[PDB]
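Written out below as structure tokens is the structure these notes cover.
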Amino acid sequence: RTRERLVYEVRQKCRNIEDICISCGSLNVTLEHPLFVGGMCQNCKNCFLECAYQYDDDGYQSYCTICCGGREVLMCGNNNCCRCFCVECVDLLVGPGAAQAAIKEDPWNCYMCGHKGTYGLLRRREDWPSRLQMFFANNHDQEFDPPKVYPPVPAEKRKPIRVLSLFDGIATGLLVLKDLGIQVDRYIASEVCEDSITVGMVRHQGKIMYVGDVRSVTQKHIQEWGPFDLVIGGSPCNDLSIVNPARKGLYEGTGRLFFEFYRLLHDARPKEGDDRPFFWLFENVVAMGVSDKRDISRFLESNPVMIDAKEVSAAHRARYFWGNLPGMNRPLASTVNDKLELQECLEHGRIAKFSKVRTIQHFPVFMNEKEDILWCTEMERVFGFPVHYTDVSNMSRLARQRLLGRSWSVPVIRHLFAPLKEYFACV
Amino acid sequence: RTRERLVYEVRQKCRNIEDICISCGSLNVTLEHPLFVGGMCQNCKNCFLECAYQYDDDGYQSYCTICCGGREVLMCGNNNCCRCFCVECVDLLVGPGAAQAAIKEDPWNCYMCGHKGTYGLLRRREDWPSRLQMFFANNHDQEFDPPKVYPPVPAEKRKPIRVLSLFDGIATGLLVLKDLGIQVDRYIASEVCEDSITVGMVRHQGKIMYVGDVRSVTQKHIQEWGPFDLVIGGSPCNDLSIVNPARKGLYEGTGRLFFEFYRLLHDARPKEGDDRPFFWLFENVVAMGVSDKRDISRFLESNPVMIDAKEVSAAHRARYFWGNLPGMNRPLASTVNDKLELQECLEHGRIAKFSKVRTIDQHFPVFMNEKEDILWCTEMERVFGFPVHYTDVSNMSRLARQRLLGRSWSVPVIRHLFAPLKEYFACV
Ligand SMILES: Nc1ncnc2c1ncn2[C@@H]1O[C@H](CSCC[C@H](N)C(=O)O)[C@@H](O)[C@H]1O
Ligand SMILES: Nc1ncnc2c1ncn2[C@@H]1O[C@H](CSCC[C@H](N)C(=O)O)[C@@H](O)[C@H]1O
Ligand SMILES: [Zn+2]
Ligand SMILES: [Zn+2]
Ligand SMILES: [Zn+2]
Ligand SMILES: [Zn+2]
Ligand SMILES: [Zn+2]
Ligand SMILES: [Zn+2]
């Protein structure tokens, strides 16, 4: 209402659109809106951090793109686009009679996909992917000191790495370390789900010393299992995401388990004065709470780096990485082995309409004039796992897909773990 | 139903009552029931930990005493007794025709207060307060190593104590340290509520250095504010208790703030090899979750000690204390200054119906001039062992000031806990 009055005042050329927050009509303009023209208040920044990468079961966005709220949204008909524009924002930026006439338009493209690009009150700002990448470096509200850079040990003095992996899953971290050719002295890995235990047991040939519950693990265990050189882990993102229909809480269950990672990180950290190279990685999903993200950034004492897997793989897997691994910030490079098109990951006899899959038009494959799910071995190919990685035991397809989806993106974790070759021995 | 068939088999003398779990009828009998005769399964132990000290707005118990569940409970008419027995348990242990006839009895006592104390299928075990005290030493499910005992520093080498207090409130901890006569070098205190800030500012004469929110305190702040010798804290129990009608969550809000205490504890802890005496106390309420209590015990790496203030003061203020303060286990001694009766804590011209008041239709506890009346604010200060007129600082309402008093630690309990710190730090 106040939004709409302010945009009415703007169309008279009495107020600049860049001096007003186009999301909620707030005068407290600190930022500029990254995609479109207007200002941006800080409450709308927190709402934009929480809500922008939230998608319904549909596959399309949970809320509007402009204000991250709205009442009734307008879904885009363009292929591979999932954006939604609520009716209240289109009443402003396009006009109060053009939303109703644009609903009647059956092939309707949204304004991020509009072939023309320019409109009367709304124009699309040009370097919007660059500003979307800079928008997460814009999160300087949590200001910290940079992670301590340790000087590289000489190549003759390097030793095999020792990894404490919490929330191991299907042993993605050890698989990536072997893919880099780093010698692994030992790989301690706590995990509870039997199927993921079994995947790692078979695929890594009994090298992994499997552990009980993380909460059961104490500091004495951490001391007696040798000094650790790399401590990795990722919080469960089954309840933390908006994709699960059963969102009874947000940081019941999953948050607890984060604090378990926090405690065993301190337990594995060498003392001050012990200048031996130690490293740690935490992972979480982007569709998360702001105060959640703050509390995580404060406890781990570090700024999160967002890394989307689209730059290197065929999925849309945007994940926050806290850590002190050198070159965590540096831009991602996709090797020729990595498949950037979904069609390359498909089996033979199958053709994909999509170029990317949003796993967080339900079934993404046209085969034999019929709509079908990605097969399990294809999902393995999509994240960059080796072929037939999860065919170990006699488990169902629904469970095995669910076992694959939770996992870290393999070229992303390769990109992250790659400078550790400078610090430890090679095969 | 099954448990009712089980009790039927017990009254035929085919099964012992001590081989069955009288709460829910489970055959997995690990423990014995502490108050009455029968076994006790572990799930019922967890339900007993959570539910036993939960009281309604009535003042009486939230659930049945026997099974911690039940459907419709029977409240006890005896004075100062707040127990409830659900109809389904009395169908067994007294008989299926005696519950109905015992409702009709208008002066009805319960079976922990029964003059006879010996009924047909239900008898009362004799050393039940001893077994209630031992029942919290029976919580060895969370087994840990004992807290490290540091050897005492000589009396000529002692220095004034430095306290980092989180969730200070009305500065109970510094007041108790001054009551003991310990020299305090500095008292940093984080606190958000203005009224509790103000109480501390006036009652402790600007000595307290006040911080903003606990979530704004970094490790850099902990390093630059001097080494700390004693870190204390207590989580909010407004939402965590069952007394608040608005229980939307359990460890939303309050749970966070616990971890803030956890982090700043690690930030204030000296390194390994730095053998200087460092101490810490955390406090929480007893009407809490089991897995909650587990997670807290695991993070703080210690076994809780339940301490009820009834042993030293006029309230029932049963609280868990985690810590490494020496003699945290040892039994409580009530000095002659402490008032064990409620009547002594009353003003003149007022006479109490109760001997103890616990506040987390006899809702108002005082019979004055043929009329029922709340405890006055200065009396609530006397009940917890605060000095007289402790909270009369600023122009604040009575409801707010009572609410400001009720959250606070019990002063002779905290005196009992802090007392061996005199052996480690300087005196006035
Ligand atoms: N208490 C607990 N201890 C260990 N693992 C747990 C756990 N609770 C859940 N998990 C498991 O931890 C995972 C959360 S996220 C797993 C991602 C992992 N990096 C991978 O690539 O597979 C799930 O597999 C979940 O089943
Ligand atoms: N984030 C926060 N930082 C500091 N204090 C807080 C807080 N949230 C709540 N509090 C306060 O902490 C107290 C919780 S319990 C206070 C008991 C205290 N030992 C005493 O004797 O007063 C309440 O006074 C509450 O208002
Ligand atoms: Zn706004
Ligand atoms: Zn909108
Ligand atoms: Zn579009
Ligand atoms: Zn039972
Ligand atoms: Zn009962
Ligand atoms: Zn009674």
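By convention here, the chains of the structure tokens are called A, B, ... in the order presented, each chain's residues are numbered starting at 1, and ligands are numbered starting at 1 in the order presented.
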Open item on the list: To check your reading of the model: which residues sit at most 9 Å from ligand 8 when counting only C-alpha atoms and all ligand atoms? Write the answer as a PyMOL selection string.
Closed with: chain B and resi 75-84+108-114
For the selection just defined, write its residues with C-alpha atoms to a file, as a compact mmCIF listing (two decimals), in the first residue's frame.
# COMPACT_ATOMS: atom_id res chain seq x y z
CA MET B 75 -5.37 -33.54 43.50
CA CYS B 76 -4.41 -33.79 47.17
CA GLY B 77 -6.35 -31.85 49.80
CA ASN B 78 -3.57 -31.93 52.41
CA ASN B 79 -1.89 -28.61 53.17
CA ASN B 80 1.37 -27.81 51.29
CA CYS B 81 1.06 -31.08 49.28
CA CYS B 82 0.75 -30.67 45.52
CA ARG B 83 0.82 -34.26 44.24
CA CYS B 84 -1.70 -35.72 41.79
CA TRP B 108 -8.99 -36.75 50.80
CA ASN B 109 -5.27 -37.16 51.46
CA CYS B 110 -2.96 -38.69 48.86
CA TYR B 111 -0.85 -41.82 49.37
CA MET B 112 2.40 -39.96 50.05
CA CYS B 113 0.52 -38.11 52.83
CA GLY B 114 -1.68 -40.98 54.05
Task: In range 173-306 of chain B, DSSP strand (DSSP E or B) residues written as a VMD selection string - done: chain B and resid 182 184 to 190 208 to 211 230 to 234 279 to 285 305 to 306
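Once only C-alpha atoms and all ligand atoms are used for the distance check, the residues close to ligand 6 at 7 Å turn out to be residues 21, 22, 23, 24, 25, 26, 40, 41, 42, 43 and 44 of chain B.
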- [ ] Please identify every polymer residue within 10 Å of ligand 4, using only C-alpha atoms and all ligand atoms, and present the set as a list in words.
- [x] residues 22, 23, 24, 63, 64, 65, 66, 67, 68, 69, 70, 71, 72, 73, 74, 84, 85, 86, 87, 88, 89, 90, 91 and 92 of chain A
Expected file: the selected residues, N, CA and C atoms, as a short mmCIF file (atom, residue, chain, number, x, y, z; two decimals), in the first residue's frame:
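Now in out28.cif:
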data_model
loop_
_atom_site.label_atom_id
_atom_site.label_comp_id
_atom_site.auth_asym_id
_atom_site.auth_seq_id
_atom_site.Cartn_x
_atom_site.Cartn_y
_atom_site.Cartn_z
N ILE A 22 12.51 -0.93 -3.48
CA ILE A 22 11.43 -1.43 -4.32
C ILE A 22 10.78 -2.70 -3.79
N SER A 23 11.40 -3.35 -2.81
CA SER A 23 10.85 -4.59 -2.26
C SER A 23 9.67 -4.30 -1.33
N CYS A 24 9.87 -3.40 -0.34
CA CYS A 24 8.84 -3.13 0.66
C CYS A 24 8.52 -1.66 0.86
N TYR A 63 8.68 -17.97 -3.40
CA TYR A 63 8.15 -16.62 -3.25
C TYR A 63 8.49 -15.81 -4.50
N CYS A 64 8.06 -14.55 -4.49
CA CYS A 64 8.38 -13.61 -5.56
C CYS A 64 9.88 -13.33 -5.59
N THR A 65 10.37 -12.92 -6.76
CA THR A 65 11.79 -12.59 -6.92
C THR A 65 12.10 -11.17 -6.45
N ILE A 66 11.16 -10.24 -6.64
CA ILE A 66 11.40 -8.83 -6.35
C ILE A 66 11.49 -8.59 -4.84
N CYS A 67 10.40 -8.89 -4.13
CA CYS A 67 10.25 -8.54 -2.72
C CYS A 67 10.49 -9.71 -1.78
N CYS A 68 10.66 -10.92 -2.32
CA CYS A 68 10.81 -12.20 -1.62
C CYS A 68 9.59 -12.56 -0.77
N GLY A 69 8.47 -11.86 -0.97
CA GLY A 69 7.21 -12.07 -0.29
C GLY A 69 6.09 -12.14 -1.31
N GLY A 70 5.14 -11.20 -1.21
CA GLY A 70 4.03 -11.13 -2.14
C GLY A 70 2.88 -12.01 -1.68
N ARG A 71 1.80 -12.00 -2.47
CA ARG A 71 0.62 -12.79 -2.15
C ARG A 71 0.41 -13.92 -3.15
N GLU A 72 0.16 -13.60 -4.42
CA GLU A 72 0.00 -14.60 -5.47
C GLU A 72 1.02 -14.33 -6.55
N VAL A 73 1.78 -15.36 -6.92
CA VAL A 73 2.93 -15.22 -7.79
C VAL A 73 2.57 -15.67 -9.20
N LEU A 74 3.35 -15.19 -10.17
CA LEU A 74 3.18 -15.48 -11.59
C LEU A 74 4.43 -16.24 -12.04
N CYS A 84 9.43 -16.42 -10.14
CA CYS A 84 8.05 -16.05 -9.89
C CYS A 84 7.98 -14.56 -9.58
N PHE A 85 6.98 -13.87 -10.15
CA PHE A 85 6.75 -12.45 -9.90
C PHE A 85 5.35 -12.26 -9.33
N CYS A 86 5.25 -11.77 -8.09
CA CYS A 86 3.93 -11.61 -7.48
C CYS A 86 3.18 -10.45 -8.12
N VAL A 87 1.85 -10.47 -7.97
CA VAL A 87 0.95 -9.53 -8.66
C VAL A 87 1.16 -8.10 -8.18
N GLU A 88 1.57 -7.93 -6.91
CA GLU A 88 1.67 -6.61 -6.29
C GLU A 88 2.87 -5.83 -6.80
N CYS A 89 3.95 -6.52 -7.18
CA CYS A 89 5.13 -5.85 -7.74
C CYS A 89 4.94 -5.51 -9.22
N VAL A 90 4.20 -6.35 -9.95
CA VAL A 90 3.91 -6.09 -11.36
C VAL A 90 2.85 -5.00 -11.51
N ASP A 91 2.03 -4.78 -10.47
CA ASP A 91 1.14 -3.61 -10.44
C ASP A 91 1.92 -2.30 -10.43
N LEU A 92 3.15 -2.32 -9.91
CA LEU A 92 4.00 -1.14 -9.85
C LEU A 92 4.87 -1.00 -11.09
#
TODO: Go through range 315-425 of chain B and collect every residue that DSSP, computed from the backbone, puts in alpha helix (DSSP H); the answer should be as a PyMOL selection string.
DONE: chain B and resi 377-383+398-406+411-418
Go ahead and write the selection's residues with N, CA, C and O atoms as a short mmCIF file (atom, residue, chain, number, x, y, z; two decimals), in the first residue's frame.
data_model
loop_
_atom_site.label_atom_id
_atom_site.label_comp_id
_atom_site.auth_asym_id
_atom_site.auth_seq_id
_atom_site.Cartn_x
_atom_site.Cartn_y
_atom_site.Cartn_z
N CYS B 377 6.84 -7.68 47.56
CA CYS B 377 8.09 -7.81 46.79
C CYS B 377 9.31 -7.92 47.71
O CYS B 377 10.22 -8.72 47.45
N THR B 378 9.32 -7.16 48.80
CA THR B 378 10.40 -7.22 49.77
C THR B 378 10.42 -8.56 50.52
O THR B 378 11.50 -9.04 50.90
N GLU B 379 9.27 -9.21 50.65
CA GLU B 379 9.25 -10.55 51.23
C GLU B 379 9.77 -11.61 50.28
O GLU B 379 10.40 -12.57 50.73
N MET B 380 9.47 -11.48 48.98
CA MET B 380 10.04 -12.39 47.99
C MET B 380 11.55 -12.27 47.95
O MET B 380 12.26 -13.27 47.79
N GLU B 381 12.06 -11.04 48.14
CA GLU B 381 13.50 -10.84 48.35
C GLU B 381 14.00 -11.55 49.60
O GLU B 381 15.11 -12.09 49.60
N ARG B 382 13.21 -11.53 50.68
CA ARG B 382 13.60 -12.25 51.89
C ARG B 382 13.56 -13.77 51.70
O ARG B 382 14.35 -14.48 52.33
N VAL B 383 12.65 -14.27 50.85
CA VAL B 383 12.46 -15.71 50.65
C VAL B 383 13.68 -16.32 49.98
O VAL B 383 14.11 -17.44 50.32
N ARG B 398 4.98 -3.38 39.95
CA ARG B 398 5.11 -4.52 40.85
C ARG B 398 5.21 -5.83 40.07
O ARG B 398 5.96 -6.73 40.47
N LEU B 399 4.47 -5.96 38.96
CA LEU B 399 4.46 -7.19 38.18
C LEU B 399 5.82 -7.45 37.57
O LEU B 399 6.38 -8.55 37.69
N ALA B 400 6.40 -6.40 36.98
CA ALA B 400 7.75 -6.45 36.43
C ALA B 400 8.78 -6.79 37.50
O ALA B 400 9.64 -7.64 37.28
N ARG B 401 8.69 -6.16 38.67
CA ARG B 401 9.69 -6.35 39.72
C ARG B 401 9.61 -7.74 40.36
O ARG B 401 10.65 -8.33 40.69
N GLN B 402 8.40 -8.28 40.52
CA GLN B 402 8.24 -9.67 40.94
C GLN B 402 8.84 -10.62 39.91
O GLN B 402 9.53 -11.59 40.26
N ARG B 403 8.58 -10.34 38.63
CA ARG B 403 9.13 -11.12 37.53
C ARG B 403 10.65 -11.03 37.49
O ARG B 403 11.33 -12.00 37.13
N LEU B 404 11.18 -9.88 37.91
CA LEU B 404 12.65 -9.64 37.97
C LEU B 404 13.24 -10.44 39.13
O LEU B 404 14.40 -10.88 39.02
N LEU B 405 12.46 -10.63 40.21
CA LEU B 405 12.94 -11.38 41.36
C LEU B 405 12.90 -12.88 41.12
O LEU B 405 13.81 -13.60 41.54
N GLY B 406 11.85 -13.36 40.45
CA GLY B 406 11.60 -14.79 40.37
C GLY B 406 12.61 -15.56 39.53
O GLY B 406 12.84 -16.75 39.76
N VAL B 411 19.98 -17.14 46.94
CA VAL B 411 21.22 -16.56 47.50
C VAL B 411 21.98 -17.47 48.46
O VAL B 411 23.22 -17.56 48.34
N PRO B 412 21.36 -18.18 49.43
CA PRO B 412 22.17 -19.11 50.25
C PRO B 412 22.68 -20.33 49.49
O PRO B 412 23.72 -20.87 49.88
N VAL B 413 22.01 -20.75 48.41
CA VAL B 413 22.51 -21.82 47.55
C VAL B 413 23.78 -21.40 46.83
O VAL B 413 24.76 -22.15 46.74
N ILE B 414 23.79 -20.17 46.32
CA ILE B 414 24.95 -19.65 45.61
C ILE B 414 26.07 -19.30 46.59
O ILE B 414 27.25 -19.41 46.24
N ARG B 415 25.72 -18.93 47.82
CA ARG B 415 26.72 -18.78 48.88
C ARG B 415 27.39 -20.11 49.20
O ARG B 415 28.62 -20.18 49.31
N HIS B 416 26.58 -21.17 49.32
CA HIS B 416 27.08 -22.52 49.55
C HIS B 416 28.01 -22.98 48.44
O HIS B 416 29.03 -23.63 48.70
N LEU B 417 27.68 -22.64 47.19
CA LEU B 417 28.52 -23.04 46.06
C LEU B 417 29.81 -22.22 46.00
O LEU B 417 30.89 -22.77 45.79
N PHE B 418 29.70 -20.90 46.16
CA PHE B 418 30.85 -20.03 46.00
C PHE B 418 31.78 -20.04 47.21
O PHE B 418 32.90 -19.52 47.09
#
Given only C-alpha atoms and all ligand atoms, how would the per-residue table for chain B near ligand 7 read, listing every residue at most 7 Å away with its closest atom pair and distance in Å to one decimal, sorted by chain and number, as JSON lines?
{"residue": "B:23", "atom": "CA", "partner": "ligand 7", "partner_atom_place_in_ligand_line": "1 (Zn)", "distance": 6.7}
{"residue": "B:64", "atom": "CA", "partner": "ligand 7", "partner_atom_place_in_ligand_line": "1 (Zn)", "distance": 4.5}
{"residue": "B:65", "atom": "CA", "partner": "ligand 7", "partner_atom_place_in_ligand_line": "1 (Zn)", "distance": 6.1}
{"residue": "B:66", "atom": "CA", "partner": "ligand 7", "partner_atom_place_in_ligand_line": "1 (Zn)", "distance": 4.6}
{"residue": "B:67", "atom": "CA", "partner": "ligand 7", "partner_atom_place_in_ligand_line": "1 (Zn)", "distance": 4.1}
{"residue": "B:68", "atom": "CA", "partner": "ligand 7", "partner_atom_place_in_ligand_line": "1 (Zn)", "distance": 6.0}
{"residue": "B:69", "atom": "CA", "partner": "ligand 7", "partner_atom_place_in_ligand_line": "1 (Zn)", "distance": 5.7}
{"residue": "B:70", "atom": "CA", "partner": "ligand 7", "partner_atom_place_in_ligand_line": "1 (Zn)", "distance": 4.6}
{"residue": "B:85", "atom": "CA", "partner": "ligand 7", "partner_atom_place_in_ligand_line": "1 (Zn)", "distance": 5.6}
{"residue": "B:86", "atom": "CA", "partner": "ligand 7", "partner_atom_place_in_ligand_line": "1 (Zn)", "distance": 4.4}
{"residue": "B:87", "atom": "CA", "partner": "ligand 7", "partner_atom_place_in_ligand_line": "1 (Zn)", "distance": 6.9}
{"residue": "B:88", "atom": "CA", "partner": "ligand 7", "partner_atom_place_in_ligand_line": "1 (Zn)", "distance": 6.1}
{"residue": "B:89", "atom": "CA", "partner": "ligand 7", "partner_atom_place_in_ligand_line": "1 (Zn)", "distance": 4.7}
Open item on the list: Please identify all protein, DNA and RNA residues within 6 Å of ligand 2, counting only C-alpha atoms and all ligand atoms, and report them as a ChimeraX atom specification.
Closed with: /B:167-170,172,190-193,213-214,234-236,407-409
- [ ] Could you please select, counting only C-alpha atoms, the residues of chain B within 12 Å of chain A and state them as number ranges by chain?
- [x] B: 141-145, 214-220, 248-253, 255-264, 266-267, 270-274, 291-292, 294-302
Residues of chain A at most 7 Å from ligand 3: nearest atom pair and distance in Å, only C-alpha atoms and all ligand atoms, as JSON lines:
{"residue": "A:21", "atom": "CA", "partner": "ligand 3", "partner_atom_place_in_ligand_line": "1 (Zn)", "distance": 4.8}
{"residue": "A:22", "atom": "CA", "partner": "ligand 3", "partner_atom_place_in_ligand_line": "1 (Zn)", "distance": 6.6}
{"residue": "A:23", "atom": "CA", "partner": "ligand 3", "partner_atom_place_in_ligand_line": "1 (Zn)", "distance": 5.0}
{"residue": "A:24", "atom": "CA", "partner": "ligand 3", "partner_atom_place_in_ligand_line": "1 (Zn)", "distance": 4.2}
{"residue": "A:25", "atom": "CA", "partner": "ligand 3", "partner_atom_place_in_ligand_line": "1 (Zn)", "distance": 5.6}
{"residue": "A:26", "atom": "CA", "partner": "ligand 3", "partner_atom_place_in_ligand_line": "1 (Zn)", "distance": 4.7}
{"residue": "A:40", "atom": "CA", "partner": "ligand 3", "partner_atom_place_in_ligand_line": "1 (Zn)", "distance": 5.5}
{"residue": "A:41", "atom": "CA", "partner": "ligand 3", "partner_atom_place_in_ligand_line": "1 (Zn)", "distance": 4.4}
{"residue": "A:42", "atom": "CA", "partner": "ligand 3", "partner_atom_place_in_ligand_line": "1 (Zn)", "distance": 6.9}
{"residue": "A:43", "atom": "CA", "partner": "ligand 3", "partner_atom_place_in_ligand_line": "1 (Zn)", "distance": 6.2}
{"residue": "A:44", "atom": "CA", "partner": "ligand 3", "partner_atom_place_in_ligand_line": "1 (Zn)", "distance": 4.6}
TODO: Have a look at A:334, A:172, A:361, A:109 and name the one nearest to ligand 1; count only C-alpha atoms and all ligand atoms.
DONE: A:172
TODO: Kindly provide, as a ChimeraX atom specification, all nucleotide and amino acid residues lying within 8 Å of ligand 1, counting only C-alpha atoms and all ligand atoms.
DONE: /A:166-173,190-193,196,212-215,233-238,254,257,283,403-404,406-409
Restrict the selected residues to C-alpha atoms and save them as a CSV table (one decimal), in the first residue's frame.
chain,number,residue,atom,x,y,z
A,166,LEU,CA,32.1,-35.8,10.6
A,167,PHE,CA,28.8,-36.5,8.8
A,168,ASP,CA,30.7,-38.5,6.2
A,169,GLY,CA,27.8,-39.9,4.2
A,170,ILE,CA,29.0,-41.9,1.2
A,171,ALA,CA,32.7,-40.9,1.8
A,172,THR,CA,32.9,-38.1,-0.7
A,173,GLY,CA,35.8,-36.4,1.0
A,190,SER,CA,31.6,-40.9,12.1
A,191,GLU,CA,28.3,-41.8,10.5
A,192,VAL,CA,24.9,-43.3,11.6
A,193,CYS,CA,23.0,-44.3,8.5
A,196,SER,CA,26.1,-44.7,3.7
A,212,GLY,CA,29.7,-44.3,16.5
A,213,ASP,CA,27.6,-41.2,17.1
A,214,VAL,CA,29.3,-37.8,17.0
A,215,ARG,CA,27.6,-36.9,20.3
A,233,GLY,CA,31.9,-32.0,7.7
A,234,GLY,CA,28.5,-30.9,6.6
A,235,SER,CA,25.3,-30.4,8.6
A,236,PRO,CA,22.1,-32.2,7.5
A,237,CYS,CA,20.1,-30.2,4.9
A,238,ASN,CA,17.0,-32.4,4.9
A,254,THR,CA,20.3,-30.2,12.5
A,257,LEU,CA,24.6,-31.7,15.0
A,283,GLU,CA,29.5,-27.2,4.5
A,403,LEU,CA,21.4,-41.2,-0.4
A,404,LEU,CA,22.9,-39.5,-3.5
A,406,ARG,CA,22.5,-35.2,0.2
A,407,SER,CA,26.1,-35.6,-1.0
A,408,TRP,CA,28.6,-32.8,-1.7
A,409,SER,CA,29.4,-31.9,-5.4
- [ ] Quick one: everything within 12 Å of residue 92 in chain B, counting only C-alpha atoms, minus sequence neighbours fewer than 5 positions away in the same chain. Send it as a ChimeraX atom specification.
- [x] /B:1-11,17,22-25,66,85-87,97-99,119-122
Task: Exercise: residue 427 in chain A partners within 12 Å, only C-alpha atoms, chain neighbours under 3 positions left out, as a ChimeraX atom specification - done: /A:158-161,177-185,421,424
Selected residues written out with N, CA and C atoms, as a PDB file, in the first residue's frame:
ATOM      1  N   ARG A 158      56.900 -33.644   3.255  1.00  0.00           N
ATOM      2  CA  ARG A 158      55.460 -33.867   3.299  1.00  0.00           C
ATOM      3  C   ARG A 158      55.144 -35.286   3.756  1.00  0.00           C
ATOM      4  N   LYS A 159      53.997 -35.433   4.404  1.00  0.00           N
ATOM      5  CA  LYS A 159      53.546 -36.663   5.034  1.00  0.00           C
ATOM      6  C   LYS A 159      52.118 -36.945   4.590  1.00  0.00           C
ATOM      7  N   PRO A 160      51.653 -38.199   4.703  1.00  0.00           N
ATOM      8  CA  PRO A 160      50.247 -38.490   4.380  1.00  0.00           C
ATOM      9  C   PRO A 160      49.269 -37.783   5.314  1.00  0.00           C
ATOM     10  N   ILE A 161      48.158 -37.308   4.730  1.00  0.00           N
ATOM     11  CA  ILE A 161      47.170 -36.486   5.425  1.00  0.00           C
ATOM     12  C   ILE A 161      46.319 -37.364   6.342  1.00  0.00           C
ATOM     13  N   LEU A 177      39.982 -36.907  -2.145  1.00  0.00           N
ATOM     14  CA  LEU A 177      41.408 -36.923  -1.798  1.00  0.00           C
ATOM     15  C   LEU A 177      42.175 -37.978  -2.589  1.00  0.00           C
ATOM     16  N   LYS A 178      41.564 -39.147  -2.803  1.00  0.00           N
ATOM     17  CA  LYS A 178      42.174 -40.165  -3.652  1.00  0.00           C
ATOM     18  C   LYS A 178      42.198 -39.726  -5.112  1.00  0.00           C
ATOM     19  N   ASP A 179      41.149 -39.015  -5.562  1.00  0.00           N
ATOM     20  CA  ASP A 179      41.113 -38.481  -6.926  1.00  0.00           C
ATOM     21  C   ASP A 179      42.229 -37.476  -7.172  1.00  0.00           C
ATOM     22  N   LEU A 180      42.627 -36.734  -6.140  1.00  0.00           N
ATOM     23  CA  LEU A 180      43.755 -35.819  -6.235  1.00  0.00           C
ATOM     24  C   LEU A 180      45.096 -36.528  -6.114  1.00  0.00           C
ATOM     25  N   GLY A 181      45.104 -37.784  -5.675  1.00  0.00           N
ATOM     26  CA  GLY A 181      46.343 -38.518  -5.521  1.00  0.00           C
ATOM     27  C   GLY A 181      47.116 -38.192  -4.264  1.00  0.00           C
ATOM     28  N   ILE A 182      46.437 -37.726  -3.217  1.00  0.00           N
ATOM     29  CA  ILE A 182      47.071 -37.424  -1.936  1.00  0.00           C
ATOM     30  C   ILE A 182      47.099 -38.697  -1.099  1.00  0.00           C
ATOM     31  N   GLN A 183      48.266 -39.010  -0.526  1.00  0.00           N
ATOM     32  CA  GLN A 183      48.384 -40.133   0.397  1.00  0.00           C
ATOM     33  C   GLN A 183      47.606 -39.849   1.676  1.00  0.00           C
ATOM     34  N   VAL A 184      46.758 -40.793   2.075  1.00  0.00           N
ATOM     35  CA  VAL A 184      45.926 -40.671   3.268  1.00  0.00           C
ATOM     36  C   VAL A 184      46.438 -41.677   4.291  1.00  0.00           C
ATOM     37  N   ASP A 185      46.993 -41.165   5.396  1.00  0.00           N
ATOM     38  CA  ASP A 185      47.468 -42.014   6.486  1.00  0.00           C
ATOM     39  C   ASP A 185      46.304 -42.747   7.149  1.00  0.00           C
ATOM     40  N   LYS A 421      47.368 -30.537  -1.875  1.00  0.00           N
ATOM     41  CA  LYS A 421      48.494 -31.247  -2.480  1.00  0.00           C
ATOM     42  C   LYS A 421      49.817 -30.542  -2.210  1.00  0.00           C
ATOM     43  N   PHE A 424      50.802 -31.907   1.629  1.00  0.00           N
ATOM     44  CA  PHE A 424      50.872 -33.301   2.053  1.00  0.00           C
ATOM     45  C   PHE A 424      51.381 -34.169   0.907  1.00  0.00           C
TER      46      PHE A 424
END
Task: Contacts to ligand 5 at 10 Å cut-off (only C-alpha atoms and all ligand atoms) as an MDAnalysis selection string - done: chainID A and resid 75:85 108:115
Open item on the list: Can you pull out the residues contacting residue 55 in chain A? Cut-off 7 Å, using only C-alpha atoms, and skip same-chain residues under 6 positions away; I want them as a ChimeraX atom specification.
Closed with: /A:61-62,243
Residues from the last selection, N, CA, C and O atoms, saved as a PDB file, in the first residue's frame:
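What follows is the written file part34.pdb:
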ATOM      1  N   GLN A  61      10.173 -21.043  -7.863  1.00  0.00           N
ATOM      2  CA  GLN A  61      10.497 -20.329  -6.628  1.00  0.00           C
ATOM      3  C   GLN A  61       9.328 -20.325  -5.649  1.00  0.00           C
ATOM      4  O   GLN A  61       8.162 -20.251  -6.049  1.00  0.00           O
ATOM      5  N   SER A  62       9.660 -20.409  -4.354  1.00  0.00           N
ATOM      6  CA  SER A  62       8.645 -20.410  -3.303  1.00  0.00           C
ATOM      7  C   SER A  62       7.938 -19.065  -3.211  1.00  0.00           C
ATOM      8  O   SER A  62       6.723 -19.011  -2.984  1.00  0.00           O
ATOM      9  N   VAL A 243      12.462 -27.441   1.000  1.00  0.00           N
ATOM     10  CA  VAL A 243      11.959 -28.450   0.069  1.00  0.00           C
ATOM     11  C   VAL A 243      11.225 -29.580   0.794  1.00  0.00           C
ATOM     12  O   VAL A 243      10.232 -30.109   0.272  1.00  0.00           O
TER      13      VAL A 243
END
